[PDB]
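Q: Here you go, one structure.
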Amino acid sequence: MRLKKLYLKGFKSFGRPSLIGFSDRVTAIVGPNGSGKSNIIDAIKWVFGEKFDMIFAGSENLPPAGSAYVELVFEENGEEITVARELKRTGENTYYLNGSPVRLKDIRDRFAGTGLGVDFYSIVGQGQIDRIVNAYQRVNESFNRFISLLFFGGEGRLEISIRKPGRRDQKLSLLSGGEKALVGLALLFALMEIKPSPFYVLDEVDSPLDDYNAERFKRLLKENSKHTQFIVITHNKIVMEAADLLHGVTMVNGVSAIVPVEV
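Residue numbers (PDB author numbering): 1 to 50, 61 to 145, 1023 to 1045, 1060 to 1164.
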């Protein structure tokens, strides 16, 4: 199952009707701090679980919106699953599933083994990365494969141990700063073995990564993107390389806009 389309209209900074498409692999959302484009991830959480300050306030030539409307379109086996939510200024909130008004619980149920609805483990930020590094055989085994891919040969053990190719065993403790970041990402990817989900969102997880390490994160991302799809929001030019579809966001008045651009 994959996320195929996102539709905004009256949600937070998106005053005008927006429509985003997603790659089966890596999709990158780029843009200035003007939008600090988090609003797109917020919309995703909003349409599920996570006063009217959620509805468009008005523009230099757009009246406040009568409501906030968000819609997601997934695809199963050549099938389409549509989830939507509409909060009116009147107060009337309502969920939809394939064109039919429905209870929120019904949406959650339709997306069982996914973070969607409950805790959202699919949406990961720099925070969760750190809290996972400072907190089965399939996982320990995957963690190893990824560490080798990262350094072209070593080993990884799960306390974390990282042994580089021509070297000897080592404790995560005395490892580089940017390198620790890498292995952290490697752990997150490994844990996806017991944390399945259609897509994963990586929210600015390349800060500590310099150009060299970034190139490694890029090689890792492309390996995982083969069986899981990622929505990466970064402003790092190296990471954007792994993207198969790029989207740029800009806010002119109080209105934002998304337009697939080209690297």
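Every residue gets a Cβ at the ideal spot worked out from N, C-alpha and C, and that includes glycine.
Would you list, in sequence order, the uninterrupted beta strand (DSSP E) runs of no fewer than 3 residues that lie entirely inside the region 98 to 144?
A: The qualifying runs are 103 to 107, 110 to 112 and 133 to 135.
Q: Quick one: grab the DSSP three-state call for residue 41.
A: The answer is helix: DSSP assigns residue 41 an H, G or I state.
Q: Three or more beta-carbon pairs under 8 Å between the region 1108 to 1127 and the region 6 to 13, yes or no?
A: No, the region 1108 to 1127 is not in contact with the region 6 to 13.
Q: To the nearest angstrom, report how far apart residue 70 and residue 1086 are at their CA atoms.
A: Approximately 43 Å between the Cα atoms of the pair.
Q: Using only the alpha-carbon positions, how far apart do residue 1082 and residue 1110 sit?
A: When rounded, the distance between both Cα atoms is 7 Å.
Q: Tell me the DSSP secondary structure of residue 1085 in three-state form.
A: Three-state result, residue 1085: helix.
Q: Counting only C-beta atoms, is residue 1103 closer than 9 Å to chain B at any point?
A: The structure shown contains no chain B, having only a single protein chain.
Q: Would you call the CB atoms of residue 1107 and residue 1140 closer than 9 Å?
A: Yes, they are a contact pair.
Q: Tell me whether residue 1104 is buried or exposed, calling it buried when 16 or more other Cβ atoms sit within 10 Å of its Cβ.
A: That one is buried.
Q: For residue 81, does the three-state DSSP call read helix, strand or coil?
A: Residue state, collapsed to three classes: strand.
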